[PDB]
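J.: Sharing a structure with you now.
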Amino acid sequence: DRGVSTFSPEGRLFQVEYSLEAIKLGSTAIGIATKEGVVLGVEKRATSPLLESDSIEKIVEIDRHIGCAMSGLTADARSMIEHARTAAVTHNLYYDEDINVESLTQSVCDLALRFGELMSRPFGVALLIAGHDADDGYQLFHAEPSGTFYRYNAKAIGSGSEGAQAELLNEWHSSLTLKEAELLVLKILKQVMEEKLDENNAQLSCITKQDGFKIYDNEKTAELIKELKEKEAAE
Amino acid sequence: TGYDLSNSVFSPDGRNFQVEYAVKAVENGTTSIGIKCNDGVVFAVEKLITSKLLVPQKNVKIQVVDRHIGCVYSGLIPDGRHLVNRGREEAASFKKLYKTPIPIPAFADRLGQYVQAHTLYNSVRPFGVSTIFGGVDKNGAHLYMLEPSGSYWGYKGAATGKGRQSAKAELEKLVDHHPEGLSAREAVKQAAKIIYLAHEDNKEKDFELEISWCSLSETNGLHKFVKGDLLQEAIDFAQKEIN
Amino acid sequence: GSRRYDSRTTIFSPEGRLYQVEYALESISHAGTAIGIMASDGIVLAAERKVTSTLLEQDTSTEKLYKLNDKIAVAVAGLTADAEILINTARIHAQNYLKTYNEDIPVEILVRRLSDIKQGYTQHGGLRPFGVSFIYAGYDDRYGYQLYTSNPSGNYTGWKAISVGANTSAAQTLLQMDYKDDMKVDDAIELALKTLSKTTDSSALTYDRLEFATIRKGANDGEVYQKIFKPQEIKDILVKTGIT
Amino acid sequence: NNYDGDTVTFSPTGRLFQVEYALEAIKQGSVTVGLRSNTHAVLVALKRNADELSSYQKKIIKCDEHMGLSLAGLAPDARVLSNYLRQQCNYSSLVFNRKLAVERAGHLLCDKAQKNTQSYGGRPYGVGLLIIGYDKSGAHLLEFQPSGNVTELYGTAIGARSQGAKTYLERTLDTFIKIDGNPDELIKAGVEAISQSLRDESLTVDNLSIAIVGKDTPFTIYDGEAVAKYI
Amino acid sequence: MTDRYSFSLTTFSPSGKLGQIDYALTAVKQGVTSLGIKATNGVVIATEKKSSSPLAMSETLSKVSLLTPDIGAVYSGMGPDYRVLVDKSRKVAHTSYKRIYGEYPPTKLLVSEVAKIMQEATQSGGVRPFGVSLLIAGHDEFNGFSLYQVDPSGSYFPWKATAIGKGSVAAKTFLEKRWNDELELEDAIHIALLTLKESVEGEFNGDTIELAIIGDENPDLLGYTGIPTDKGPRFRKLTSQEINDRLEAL
Amino acid sequence: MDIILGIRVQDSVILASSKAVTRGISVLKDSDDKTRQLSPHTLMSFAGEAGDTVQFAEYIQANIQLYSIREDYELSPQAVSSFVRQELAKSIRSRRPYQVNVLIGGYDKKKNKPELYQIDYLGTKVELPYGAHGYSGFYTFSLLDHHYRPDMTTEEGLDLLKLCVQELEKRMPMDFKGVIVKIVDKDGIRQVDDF
Amino acid sequence: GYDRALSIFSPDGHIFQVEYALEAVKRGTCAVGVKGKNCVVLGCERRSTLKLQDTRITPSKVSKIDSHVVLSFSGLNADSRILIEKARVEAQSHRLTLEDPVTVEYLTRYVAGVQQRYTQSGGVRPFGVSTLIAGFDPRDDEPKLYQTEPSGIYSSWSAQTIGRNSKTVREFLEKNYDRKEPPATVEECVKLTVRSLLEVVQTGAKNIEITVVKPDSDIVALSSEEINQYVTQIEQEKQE
Amino acid sequence: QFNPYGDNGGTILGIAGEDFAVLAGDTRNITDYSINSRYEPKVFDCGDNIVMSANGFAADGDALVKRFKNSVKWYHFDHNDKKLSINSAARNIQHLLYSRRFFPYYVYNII
Amino acid sequence: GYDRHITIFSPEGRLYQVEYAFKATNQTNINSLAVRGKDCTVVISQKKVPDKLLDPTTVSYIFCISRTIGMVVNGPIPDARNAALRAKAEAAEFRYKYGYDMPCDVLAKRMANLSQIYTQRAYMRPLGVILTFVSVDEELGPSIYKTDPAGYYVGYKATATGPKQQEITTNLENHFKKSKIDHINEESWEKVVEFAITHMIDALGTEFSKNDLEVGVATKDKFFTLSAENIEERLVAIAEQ
Ligand SMILES: [Cl-]
């Protein structure tokens with residue numbers, strides 16, 4: 001057939017590029033960074049109404065100061081999360097401190113290109129890693145299966161990504177409040193989702209310095225959805 | 001067909017096309033030569049100046065093995081370095097066990113067997129270099145040339161690279177006109193000339209001359225680079241002959 | 001490199017089938033028919049040797065029926081050499097169990113172990129599967145008399161009566177017709193031979209083209225006896241049942 | 001064509017296509033410039049962003065107090081190779097109490113990249129590196145290609161549109177080599193060199209990345225408002 | 001380097017055929033004819049010494065080989081494959097039996113060990129099957145005399161008499177007419193020579209024929225005296241002269 | 001640990017095991033249960049070096065519980081005892097052997113018979129009507145040799161056990177803090193809460 | 001060792017070997033899971049192409065992983081044994097190290113992890129198996145029902161089906177199962193499970209298996225006659 | 001029998017102020033009753049405003065300091081030139097020391 | 001058609017890679033010959049130095065494997081040396097393990113077994129060489145044993161190898177048909193070498209100078225090669241009668 005670690009004539013790794021196509025098929029995940037915190041939100045996308053939607057876990061805690069949202073082949077993310085959690089806790093063991101968000105992201109991305117003929121293929125999932133540390137403050141990273149990671153003020157991944165990213169282009173500014181960011185994620189998720197957005201098929205979360213990483217209750221998100229509807233009807 | 005897609009596969013001819021394709025990489029490289037003299041050997045190589053930004057005399061191509069063997073090659077430069085690294089390991093283990101420095105024929109086979117081993121499996125690629133090497137041992141001077149196939153012989157004069165035909169012709173004249181032999185200092189001058197004459201095949205870009213030598217009288221049987229006045233004297237002699 | 005020449009023995013087809021397992025089953029379908037029938041007071045194993053010769057030494061020959069231990073035997077259908085590899089593994093497994101627990105291995109446990117080995121060759125290793133189907137006939141004190149079958153997929157199932165190898169479709173129909181639950185060994189012996197006599201590709205069914213075996217509690221008091229039939233004993237049972 | 005499936009296969013003309021495809025990845029990468037005098041050596045790198053919300057990918061990596069490099073191509077491959085250099089620089093210090101020679105650092109990178117081009121299963125590195133450093137023989141600049149070829153130069157550039165900067169340095173050769181004991185003027189020449197490779201976009205405060213090493217100057221990287229001086 | 005062929009080279013085709021085994025059997029068909037006949041008081045194995053050149057000394061090439069003092073072997077197909085199998089067969093007879101039980105293995109079990117080796121070359125990674133069929137004759141105390149055939153698949157069958165290779169089909173027919181259960185060893189040797197003459201084109205004599213027997217114990221070939229229970233090998237290779245003597249009464 | 005006793009009567013097996021755990025000159029606990037239920041009708045008591053005891057017992061327990069799930073069937077006390085013996089005989093030639101002596105008391109539901117097995121740390125198995133490990137048997141065997149019948153009731157077995165314990169409490173220098181007693185019969189395993 | 005990458009991406013971003021493993025599941029016999037208010041019921045199809053079978057000894061479709069958790073499946077039978085064995089080993093290993101039996105969610109997460117590992121490991125193919133894992137957590141009376149698949153994804157379900165014609169029975173469950181008021185009793189839960197299988201099965205004789213799991217390790221398999229009574233009552237109400 | 005340990009003597013002293021800290025040590029190196037050096041430094045600047053001294057067996061002391069200095073170097077590489085706090089260095093040193101629990105660094109260390 | 005790339009069976013029961021290895025044997029275009037005397041074994045081979053730049057002393061296809069065993073190779077030099085090095089290692093190991101000098105025929109068998117493995121194992125290619133081993137064995141006397149890429153080997157009264165082997169073979173066949181003996185009835189090895197050269201000249205139909213030939217001689221307890229001047233003396237004696 002052909003090698004797994006093969007370069008294309010354009011100078012790209014075939015398998016890495018193909019894994020990026022799998023991520024485009026995944027459910028939407030959005031992240032917005034502010035000076036009051038970083039907000040993470042995801043489309044749950046249940047395949048059937050009998051599926052208990054609260055068991056869909058696409059937003060995940062890595063440490064108290066680091067959260068993580070995923071998009072693509074979500075089964076592949078489990079070993080990445082496991083490594084991230086181990087890395088975070090291990091650094092706390094060796095250095096008696098919290099680990100930098102960038103260092104954590106770098107550790108996750110080091111797994112990415114460990115494939116050949118090590119694991120047999122790249123990961124088919126993208127990660128939005130959001131957190132806070134004392135040095136660089138509130139941060140949001142986009143970790144790809146290429147091993148590359150970019151920092152972002154705001155970022156969308158998944159099926160409605162390019163449409164959402166254009167919307168985030170216009171809406172984001174450096175003075176955004178946390179409440180404003182929450183509504184902004186809900187707004188854009190509602191725009192790109194197939195089914196109608198509610199508290200059961202979409203999930204919010206955030207990371208603040210004080211309270212750390214928190215996944216929002218369905219009752220709490222429901223109010224933010226109702227607050228969104230009213231403010232859009234206001235003009 | 002398909003016999004040329006995999007290394008270590010015999011074609012219906014009884015040929016290993018992958019090795020023959022490695023030879024093409026060698027033929028694409030710059031010219032390098034070797035000259036056997038009365039009590040030693042001389043090595044010379046053509047270094048193409050791709051740009052003015054290249055620092056003169058810094059990108060050294062000729063490599064020493066142990067303290068008495070010199071190695072030069074044409075083709076894929078990294079492959080040549082890999083081969084010399086192995087040569088240094090082979091020379092070290094020989095001296096470790098047997099005390100005496102490795103003889104040149106002994107050293108030649110060590111490389112030969114290693115290069116030949118890379119024609120036995122499809123999991124490895126053949127070497128993209130022909131290597132001219134040699135020096136002085138207890139039995140005197142020796143010059144060798146080693147191909148991608150693992151084939152090597154002893155030589156009076158040797159040449160490889162893009163200007164090998166021109167070089168070979170010049171070497172053949174020296175063998176005929178000097179049956180009694182050639183001195184070490186003469187061989188350095190002649191080596192410079194031959195590289196300059198062989199440069200007509202790479203005449204687009206200008207080049208830098210690099211020479212080394214092992215001689216029982218001139219260098220005490222140790223490998224040394226030709227530097228300063230002796231190098232300039234060889235360049236002047238070479239420039240005088242082309243005009 | 002070497003990838004070029006790899007057949008990839010352990011992959012799914014677009015339809016979700018294992019190529020090599022399916023092709024191995026095709027191989028087994030050309031093998032001599034083997035039949036197993038379970039009765040209330042014992043088990044019968046009958047099997048047809050493939051186009052023999054007059055110069056084959058039959059009394060010292062064994063290609064179909066093998067002994068795993070004193071309580072368990074197998075009928076083979078497929079590559080004999082492949083079967084012997086597995087048979088020796090099963091014999092060892094039975095002895096390991098006996099050494100560990102000081103009790104004879106339950107039939108199902110032995111069957112599961114062999115079937116798990118077969119399964120491994122379909123999921124990893126890059127090797128071809130074993131081209132073998134077994135009929136296991138055995139006894140233990142939990143379930144009593146038992147018949148199982150395993151195939152190259154590593155899947156196994158329990159039976160009252162079953163056939164493997166050639167003409168199983170025809171053979172299974174004939175068994176399904178004449179089999180009853182209150183049946184006895186002597187009746188089951190007759191059924192097995194009659195089924196082979198009708199499904200065989202040969203002109204006539206003779207003693208020299210058959211291997212036969214029974215597992216009976218017909219041993220002096222509460223115990224089990226394995227009987228691998230001799231050529232002369234197969235000749236007699238053929239006359240008794242009225243086939244020759 | 002038929003001979004580009006893996007790195008272990010020569011083409012009929014003696015070419016290694018997988019290595020050439022890896023070389024192609026460098027040309028797609030953002031431009032970076034290297035140049036030196038007798039006292040100092042400078043790296044200048046144009047950083048690239050994903051979009052306006054994203055950060056600008058870092059191009060320069062420190063290897064030791066006296067050595068470092070800039071990258072162009074697959075960044076993860078630069079992380080692997082720079083990590084190797086860090087270890088080799090460190091082995092030289094711990095074992096021999098000796099700062100690693102820049103020339104020897106190049107030889108090590110060459111030999112590491114080569115093993116990936118001759119063996120089955122692996123792949124060539126997909127990145128080009130410009131290594132600068134100051135050792136016992138003064139200032140140095142190296143260019144690394146993943147084919148294995150390493151070259152010592154006065155100045156050079158790699159990445160997209162790198163030919164413009166390389167021509168400028170070829171003209172300026174006699175001028176910038178003489179810039180001794182003046183770090184700011186040497187950086188100016190590097191910033192002016194990388195400017196010859198720009199189209200549409202220009203050098204902004206979070207776009208530009210500069211690094212320097214010299215006689216009494218440890219390898220230090222300048223980003224953000226620290227390079228506003230040179231814009 | 002490393003052997004990266006960890007996968008099977010023999011695989012099932014859609015029809016259920018194992019191609020490489022079939023092809024190996026084809027190679028056996030092209031090979032020179034060899035045969036084996038079992039008598040009441042012995043076994044005989046025979047084949048033609050097909051000399052590649054008249055300058056070659058055909059005595060140095062032994063097609064009929066001793067495996068144990070009471071077991072011999074002959075083949076049809078690829079000679080080099082046979083040679084290595086004989087080396088392995090001799091060794092396995094010691095390692096897996098004699099060093100354990102202090103006696104040589106019975107014919108059927110040694111055959112079983114050889115069969116196992118040939119089966120593994122049919123399933124293991126990065127190897128082709130052996131291109132030979134073996135005929136193994138032997139004797140042991142509890143089984144008496146026996147003759148076995150072993151094929152490239154690893155399958156083995158006991159025979160009263162049989163033939164393999166070039167003219168096996170014709171030779172097996174010839175043996176069916178002549179064989180009975182009351183044959184003495186000399187009668188079996190006579191039939192072996194008759195059967196083998198049909199498949200040989202050129203010279204037919206002691207120098208072009210290789211023939212060995214499993215028969216009575218040979219105390220003269222033991223090499224030592226003093227132990228009553230050790231009575232010598234039953235395997236004996238017939239000399240060039242001994243063959244020619246029986247060709248006059250042919 | 002110190003004293004573990006076992007007695008097989010007509011229709012049950014009774015196991016008595018000391019309650020004390022001791023570290024040097026201090027009694028850490030006086031209510032320790034030195035037993036694990038391997039299966040519903042099989043109980044194993046144990047005594048030996050600290051750590052090794054519980055590690056081995058729970059390792060055996062896990063293996064038997066695994067077998068039970070896999071086959072949906074309870075192994076006979078004889079099968080369990082033979083498994084345990086093999087593990088100890090394997091252990092004794094290992095780098096660091098388990099230093100544990102055990103008693104296995106079980107009711108075979110097939111044969112409708114109670115069974116008691118004594119196995120030491122070397123892997124020495126013996127089926128007995130009554131048994132003990134360590135210095136226990138030295139004091140108790142003379143009473144058991146005298147009073148034991150195979151047709152004894154469970155209540156008679158307990159009275160003979162009280163007599164054995166009373167003798168230990170008089171002549172043993174070490175205070176083992178009484179015993180926990182458990183009965184294994186057709187209905188399963190239960191603990192005598194007053195002894 | 002055999003290191004070949006069998007599960008790999010294709011140009012359109014699909015891992016065909018994982019998708020072909022789902023086709024093996026589609027071929028497998030139907031399996032259904034329904035959780036009531038205080039119980040979970042697992043229903044399984046038995047194809048009647050195989051008669052003369054010995055039902056005493058034939059491997060049952062529902063397997064106990066521990067005393068409080070069960071696992072049914074659809075797809076390759078031989079593959080399912082390997083997952084079940086691993087799950088059973090892990091269940092004892094959890095009790096041995098943490099002194100608590102596994103939660104249903106944990107056991108599911110383990111099994112799903114194993115399945116995933118076989119989609120990006122060299123020299124191995126994915127499991128051609130989807131599982132339904134059901135039970136009750138230790139000292140808990142909330143019913144648990146999870147599903148896994150060859151890719152490695154898992155999720156919790158109020159009711160779910162897998163295997164051949166699962167599309168049909170899922171259609172039935174979606175309109176018949178009410179979340180606000182689930183099957184209050186065991187009878188109602190079993191009846192709904194049998195009804196759902198009767199949409200696909202063919203004959204209601206020996207083709208339907210039912211296994212009821214209740215809290216506190218109370219697991220029992222229904223017999224042929226007990227199930228046949230459900231089949232009788234359902235069709236008699238249908239004649240109207 | 002070969003004894004891998006030795007005693008190079010020496011004594012060290014650390015005192016913490018309100019906004020400063022000192023680490024003192026004598027400069028004498030010895031074996032038995034002999035003096036090896038009258039001036040052999042024992043307290044070192046390890047970077048990030050941290051000073052360190054490993055007193056006891058000099059060969060093990062030199063190795064530990066050398067490793068910790070190296071640990072500081074890689075802390076910068078791996079965590080964006082972040083300053084290694086004194087409490088973080090202490091915890092890192094615990095792991096250096098316990099990494100040889102069954103063949104200890106025979107030194108008493110102060111930072 | 002991957003059955004022609006690696007050593008597996010074709011439908012005809014053939015190994016094409018082995019067959020193509022035989023064809024590589026003649027790539028050098030050199031013919032060799034071996035004969036036996038009473039007390040010696042002689043091997044001769046053509047020597048061709050086409051390039052003037054070559055050092056003719058280093059151009060050789062005859063190898064001294066041990067003190068007693070000599071080996072001439074027909075095939076490319078890299079494979080030839082590969083085989084030579086291995087045979088030297090095997091001969092030395094044999095002496096160390098078993099306490100006596102490795103016989104010629106035993107070494108041949110060992111090298112043949114190694115070659116057989118390359119015909120069965122896929123990852124290893126056959127060596128494109130034919131190895132002719134010669135000695136004066138202490139048990140068997142003058143000996144010639146030849147190995148090929150198929151793993152086949154056999155003893156010889158005399159033998160020939162190369163492009164024009166058939167012409168040499170028939171020439172030798174005809175001589176032994178007359179004399180009716182398995183060797184050259186001659187006392188000295190000098191005359192046995194003269195016989196070998198004479199019959200190669202007659203068979204090939206070409207005259208030889210001292211630099212056109214390469215000669216190896218095996219006597220009791222030593223094998224040695226002849227220098228150019230030793231061969232010249234041999235050529236003079238042939239011409240003078
Ligand atoms: Cl061998």
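Chains: A, B, ... in order of the structure tokens. Residues: from 1 per chain. Ligands: from 1, in order shown.
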Excluding region 163-178 of chain A and any residue of its chain fewer than 5 positions from it, enumerate the residues within 10 Å of it, using only C-alpha atoms, and give them as a ChimeraX atom specification.
T.: /A:28-39,153-158,183-185,187-189,191-192,206-208 /D:51-53
J.: Using only C-alpha atoms and all ligand atoms, which residues have at least one atom no more than 9 Å from ligand 1? Output them as a list in words.
T.: residues 84 and 87 of chain E; 109, 110, 111, 112, 113 and 114 of chain I
J.: Quick check for you: according to DSSP on this backbone, which residues of region 133-185 of chain B are classed as strand (DSSP E)? Reply as a list in words.
T.: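 Written out, the strand (DSSP E) residues of region 133-185 of chain B are residues 133, 134, 135, 136, 137, 140, 141, 142, 143, 144, 145, 146, 152, 153, 154, 157, 158, 159 and 160 of chain B.
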J.: Could you list, as number ranges by chain, every residue within 8 Å of residue 100 (chain D), counting only C-alpha atoms and ignoring same-chain residues fewer than 4 positions away?
T.: D: 88-89, 92-93, 104-105, 135
J.: Please save N, CA, C and O atoms of the selected residues as a PDB file, in the first residue's frame.
T.:
```pdb
ATOM      1  N   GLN D  88      22.941  17.417  23.446  1.00  0.00           N
ATOM      2  CA  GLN D  88      24.333  17.308  22.993  1.00  0.00           C
ATOM      3  C   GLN D  88      25.206  18.446  23.521  1.00  0.00           C
ATOM      4  O   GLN D  88      26.343  18.212  23.943  1.00  0.00           O
ATOM      5  N   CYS D  89      24.676  19.669  23.487  1.00  0.00           N
ATOM      6  CA  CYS D  89      25.331  20.818  24.117  1.00  0.00           C
ATOM      7  C   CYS D  89      25.555  20.549  25.600  1.00  0.00           C
ATOM      8  O   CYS D  89      26.582  20.923  26.167  1.00  0.00           O
ATOM      9  N   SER D  92      28.274  17.773  26.355  1.00  0.00           N
ATOM     10  CA  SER D  92      29.596  18.382  26.209  1.00  0.00           C
ATOM     11  C   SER D  92      30.011  19.154  27.468  1.00  0.00           C
ATOM     12  O   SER D  92      31.178  19.121  27.866  1.00  0.00           O
ATOM     13  N   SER D  93      29.052  19.844  28.085  1.00  0.00           N
ATOM     14  CA  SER D  93      29.310  20.622  29.300  1.00  0.00           C
ATOM     15  C   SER D  93      29.537  19.737  30.520  1.00  0.00           C
ATOM     16  O   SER D  93      30.487  19.943  31.270  1.00  0.00           O
ATOM     17  N   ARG D 104      30.600  21.237  15.122  1.00  0.00           N
ATOM     18  CA  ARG D 104      30.316  19.876  15.585  1.00  0.00           C
ATOM     19  C   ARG D 104      28.815  19.658  15.810  1.00  0.00           C
ATOM     20  O   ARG D 104      28.302  18.558  15.596  1.00  0.00           O
ATOM     21  N   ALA D 105      28.124  20.709  16.249  1.00  0.00           N
ATOM     22  CA  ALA D 105      26.668  20.681  16.396  1.00  0.00           C
ATOM     23  C   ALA D 105      25.989  20.400  15.056  1.00  0.00           C
ATOM     24  O   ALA D 105      25.020  19.641  14.988  1.00  0.00           O
ATOM     25  N   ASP D 135      31.453  30.461  19.689  1.00  0.00           N
ATOM     26  CA  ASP D 135      32.309  29.494  20.382  1.00  0.00           C
ATOM     27  C   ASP D 135      33.771  29.974  20.395  1.00  0.00           C
ATOM     28  O   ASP D 135      34.033  31.166  20.216  1.00  0.00           O
TER      29      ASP D 135
END
```
J.: Neighbours of residue 106 (chain A) within 8 Å (only C-alpha atoms; same-chain residues fewer than 4 positions away dropped), as a PyMOL selection string?
T.: chain A and resi 102+110+149
J.: Pull C-alpha atoms from the residues just selected and write them as a CSV table (one decimal), in the first residue's frame.
T.:
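Final output, again-v9.csv:
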```csv
chain,number,residue,atom,x,y,z
A,102,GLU,CA,1.4,26.2,27.6
A,110,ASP,CA,4.3,15.7,22.0
A,149,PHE,CA,-0.7,24.3,18.9
```
J.: May I have the residues of chain C within 6 Å of chain G, counting only C-alpha atoms, written as a list in words?
T.: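 Here is what falls inside 6 Å: residues 14, 15, 16, 123, 124, 125, 154, 155, 157, 158, 159 and 160 of chain C.
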J.: Going by DSSP on the backbone, which residues of region 121-194 of chain F come out as alpha helix (DSSP H)? List them as a PyMOL selection string.
T.: chain F and resi 136-147+154-171
J.: Keeping only N, CA and C atoms, write those residues as a short mmCIF file (atom, residue, chain, number, x, y, z; two decimals), in the first residue's frame.
T.:
```cif
data_model
loop_
_atom_site.label_atom_id
_atom_site.label_comp_id
_atom_site.auth_asym_id
_atom_site.auth_seq_id
_atom_site.Cartn_x
_atom_site.Cartn_y
_atom_site.Cartn_z
N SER F 136 0.04 -23.92 67.83
CA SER F 136 -1.33 -24.21 68.25
C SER F 136 -1.56 -25.69 68.49
N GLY F 137 -1.27 -26.50 67.48
CA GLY F 137 -1.49 -27.94 67.52
C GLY F 137 -0.78 -28.65 68.66
N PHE F 138 0.36 -28.11 69.07
CA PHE F 138 1.12 -28.67 70.18
C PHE F 138 0.28 -28.79 71.45
N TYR F 139 -0.53 -27.77 71.74
CA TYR F 139 -1.38 -27.77 72.94
C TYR F 139 -2.71 -28.48 72.74
N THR F 140 -3.24 -28.40 71.52
CA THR F 140 -4.63 -28.81 71.24
C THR F 140 -4.80 -30.24 70.72
N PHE F 141 -3.78 -30.78 70.06
CA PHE F 141 -3.91 -32.10 69.42
C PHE F 141 -4.19 -33.25 70.39
N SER F 142 -3.69 -33.15 71.62
CA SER F 142 -3.93 -34.20 72.62
C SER F 142 -5.40 -34.27 73.03
N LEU F 143 -6.05 -33.11 73.13
CA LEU F 143 -7.48 -33.04 73.43
C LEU F 143 -8.33 -33.53 72.26
N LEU F 144 -7.93 -33.15 71.05
CA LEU F 144 -8.65 -33.54 69.84
C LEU F 144 -8.50 -35.04 69.58
N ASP F 145 -7.28 -35.56 69.73
CA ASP F 145 -7.02 -37.01 69.64
C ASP F 145 -7.92 -37.80 70.59
N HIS F 146 -8.19 -37.23 71.76
CA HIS F 146 -8.99 -37.87 72.80
C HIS F 146 -10.49 -37.78 72.52
N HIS F 147 -10.98 -36.56 72.33
CA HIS F 147 -12.42 -36.28 72.30
C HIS F 147 -13.10 -36.37 70.92
N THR F 154 -22.33 -30.04 65.36
CA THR F 154 -21.69 -28.73 65.32
C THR F 154 -21.53 -28.16 66.74
N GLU F 155 -22.53 -28.39 67.58
CA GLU F 155 -22.51 -27.91 68.97
C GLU F 155 -21.43 -28.62 69.79
N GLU F 156 -21.27 -29.92 69.55
CA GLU F 156 -20.22 -30.71 70.21
C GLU F 156 -18.83 -30.29 69.74
N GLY F 157 -18.71 -29.97 68.45
CA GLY F 157 -17.47 -29.45 67.90
C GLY F 157 -17.06 -28.14 68.54
N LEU F 158 -18.04 -27.27 68.77
CA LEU F 158 -17.80 -25.98 69.42
C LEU F 158 -17.37 -26.12 70.88
N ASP F 159 -17.95 -27.09 71.59
CA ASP F 159 -17.58 -27.36 72.98
C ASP F 159 -16.15 -27.89 73.09
N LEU F 160 -15.78 -28.77 72.16
CA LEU F 160 -14.41 -29.30 72.09
C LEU F 160 -13.43 -28.19 71.72
N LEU F 161 -13.90 -27.23 70.93
CA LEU F 161 -13.10 -26.08 70.54
C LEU F 161 -12.87 -25.14 71.73
N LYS F 162 -13.91 -24.95 72.54
CA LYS F 162 -13.80 -24.17 73.78
C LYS F 162 -12.77 -24.77 74.73
N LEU F 163 -12.76 -26.10 74.81
CA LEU F 163 -11.80 -26.83 75.63
C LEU F 163 -10.37 -26.61 75.12
N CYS F 164 -10.21 -26.67 73.80
CA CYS F 164 -8.91 -26.43 73.17
C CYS F 164 -8.41 -25.01 73.42
N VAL F 165 -9.32 -24.04 73.29
CA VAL F 165 -8.99 -22.63 73.53
C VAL F 165 -8.64 -22.37 74.99
N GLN F 166 -9.39 -22.99 75.90
CA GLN F 166 -9.11 -22.87 77.34
C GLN F 166 -7.71 -23.36 77.69
N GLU F 167 -7.28 -24.45 77.06
CA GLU F 167 -5.94 -24.99 77.27
C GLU F 167 -4.87 -24.04 76.74
N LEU F 168 -5.11 -23.47 75.56
CA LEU F 168 -4.21 -22.46 75.00
C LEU F 168 -4.10 -21.26 75.93
N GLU F 169 -5.24 -20.79 76.43
CA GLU F 169 -5.28 -19.64 77.33
C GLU F 169 -4.57 -19.87 78.67
N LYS F 170 -4.40 -21.14 79.05
CA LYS F 170 -3.70 -21.48 80.29
C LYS F 170 -2.19 -21.62 80.10
N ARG F 171 -1.77 -22.31 79.04
CA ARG F 171 -0.37 -22.71 78.88
C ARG F 171 0.46 -21.89 77.89
#
```
J.: Go through F:110, F:29, F:41, F:23 one by one, measure the shortest atom-to-atom distance of each to chain C using only C-alpha atoms, and give the residue with the smallest value.
T.: F:110
J.: Distance limit 7 Å, atoms considered: only C-alpha atoms. Which chain E residues sit that close to chain C? Return them as a ChimeraX atom specification.
T.: /E:4-5,7-8,11-17,119,123-125,153-155,157-161,176
J.: Go through chain H residue by residue and, counting only C-alpha atoms, keep those with an atom at most 8 Å from chain A; for each kept residue give the shortest atom pair and its distance in Å to one decimal, ordered by chain and increasing number, as a Markdown table.
T.:
```
| residue | atom | partner | partner_atom | distance |
| --- | --- | --- | --- | --- |
| H:78 | CA | A:103 | CA | 6.9 |
| H:79 | CA | A:103 | CA | 5.9 |
| H:87 | CA | A:96 | CA | 7.1 |
| H:88 | CA | A:95 | CA | 4.5 |
| H:89 | CA | A:95 | CA | 6.8 |
| H:91 | CA | A:95 | CA | 5.6 |
| H:92 | CA | A:94 | CA | 5.3 |
| H:95 | CA | A:94 | CA | 6.9 |
```
